[PDB]
Amino acid sequence: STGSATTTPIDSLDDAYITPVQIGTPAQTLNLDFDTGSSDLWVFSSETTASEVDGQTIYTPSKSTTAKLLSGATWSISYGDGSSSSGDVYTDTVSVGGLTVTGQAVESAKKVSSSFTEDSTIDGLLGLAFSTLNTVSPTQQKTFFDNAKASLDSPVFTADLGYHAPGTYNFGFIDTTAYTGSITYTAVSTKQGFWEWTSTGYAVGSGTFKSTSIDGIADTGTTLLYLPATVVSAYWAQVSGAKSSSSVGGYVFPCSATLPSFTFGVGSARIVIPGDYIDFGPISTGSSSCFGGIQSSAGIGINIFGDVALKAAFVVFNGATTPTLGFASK
Ligand SMILES: O=C(CN1CCCCC1)Nc1ccc2c(c1)OCO2
């Protein structure tokens, strides 16, 4: 089997991407944030504290003839950005882009943190990291991808995120029309439960490539590109007036600037992030100070190849017995 679904930016900055997901019988369609940095499929629901729901579409398990309470199971997740959610668990039928999994754990939120409430466009998350990170207790549950894997034509999914435009998540096949040149594959460590890999270096603008190992995660659920302070300083040094602002929480730059590109290495291959992709717009409405899309990972504990990086590529998440990642230009 295969599936194919369009993923759409939530706003004009590509702060996140939402993908429609059918849950239950009859289907209830929720727009979920596909997150290769976590492993829980959770949704706003009829059980979510009412004051914590503000415009989201909810899953109502009592209206699904295929929903079953997973007795005794609870979940609770805290994302690295400080957001969180928790609740209980149903199994139900879940379909993405025509690919159906029966008996998928659907984690129903009883509580969500303010950042989730305040984002009316995201109805929940669909985790695509390794199932070892799943938070369901006392019996850990599998991700949608792990459940689907054995049925797929090939045990892969691909992320093709758009810049200020829709893109695609495919399951079970590699669309050879969706990228240019060849896909370069690179090793993955699953030791921390992530799609963790080592970039071979970087360049800023038209500058020389610096060969250096940068260990990080391919994370569709993180907006920005978080890299070591040395790398990030080298980038922003090429932008007149750019500075790190402790009050704002990162590098800012004059909105009048033209940003240089940023290149990262994948083996001997190179992915170029255009300068425009690194502009996250005014820090507050009307400001002439703009927020940078490349930020330091110091204090995070890991480098994160978030959407800023991934959207410049066609990305293969190869879930074969020994997982790998593939990157192609597009
Ligand atoms: O928390 C995030 C992104 N966040 C995920 C949940 C939905 C809203 C966006 N990413 C992140 C990814 C890895 C990290 C980390 C943070 O801090 C430590 O490691």
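Counting just the residues of the stretch 213-242 that are surrounded by 14 or more Cβ atoms within 10 Å (Cβ to Cβ) and in a strand (DSSP E or B), which one comes out nearest to the chain's Cα centre (by Cα)?
Here the residue is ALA218.
Do the conditions hold for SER115, that is, is it over 30 Å from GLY299 (Cα atoms), among the hydroxyl-bearing types (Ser, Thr, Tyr), without any contact (Cβ under 8 Å) to a residue 60 or more places away in the chain and surrounded by fewer than 17 Cβ atoms within 10 Å (Cβ to Cβ)?
no
Would you mention how many residues in the stretch 86-132 are within 16 Å of the ligand (Cβ to nearest atom), of a type outside the set (S, T, N, Q) and closer than 19 Å to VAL156 by Cα?
Residues flagged as within 16 Å of the ligand (Cβ to nearest atom), of a type outside the set (S, T, N, Q) and closer than 19 Å to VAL156 by Cα within the stretch 86-132 amount to 5.
Where the second residue is surrounded by fewer than 18 Cβ atoms within 10 Å (Cβ to Cβ) and the first is more than 22 Å from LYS149 (Cβ to Cβ) and lies in the stretch 172-184, which pairs have Cβ atoms under 6 Å and are six or more apart or on separate chains?
Close Cβ pairs (under 6 Å, with a partner that is surrounded by fewer than 18 Cβ atoms within 10 Å (Cβ to Cβ)) amount to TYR179/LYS330; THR180/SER329; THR180/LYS330; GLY181/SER329; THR184/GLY267.
Give the residues of the stretch 53-81 that are of a type outside the set (A, V, I, L, M), under 23 Å from the mean Cα position of the chain (by Cα) and at negative phi, sorted by residue number.
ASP54, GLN56, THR57, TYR59, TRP75, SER76, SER78, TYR79, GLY80, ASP81
Inspect all residues belonging to the stretch 234-248 and state whether any of them is touching a residue at least 40 places away in the same chain (Cβ under 8 Å) and within 16 Å of the ligand (Cβ to nearest atom).
Looking for residues that are touching a residue at least 40 places away in the same chain (Cβ under 8 Å) and within 16 Å of the ligand (Cβ to nearest atom), one finds none in the stretch 234-248, hence no.
Could you pull out the residue among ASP219, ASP215 that is within 16 Å of the ligand (Cβ to nearest atom), in contact with a helix residue (DSSP H, G or I) (Cβ under 9 Å, 6 or more places away or on another chain) and not small (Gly, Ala, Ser)?
Result: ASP219 is the single residue among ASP219, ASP215 that is within 16 Å of the ligand (Cβ to nearest atom), in contact with a helix residue (DSSP H, G or I) (Cβ under 9 Å, 6 or more places away or on another chain) and not small (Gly, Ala, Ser).
Quick one: in the stretch 55-85, which of the residues that are farther than 23 Å from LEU133 by Cα and among the aliphatic types (A, V, I, L, M) is nearest to the ligand (Cβ to nearest atom)?
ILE58
Determine which member of the set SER199, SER261 is in contact with a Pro (Cβ under 8 Å, 6 or more places away or on another chain) and in the same structural domain as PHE280 (by CATH).
After ruling out the rest, the residue left standing is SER261.
Any idea how many residues of the stretch 272-309 are in a loop (DSSP other than H, G, I, E, B) and away from the ligand (no atom under 16 Å from the Cβ)?
Residues flagged as in a loop (DSSP other than H, G, I, E, B) and away from the ligand (no atom under 16 Å from the Cβ) within the stretch 272-309 amount to 7.
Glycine also receives a Cβ, built like all others from the backbone with ideal geometry; neighbour counts cover every protein chain displayed. All of this is worked out from the model, or read from it or from the source named; these are not laboratory values.
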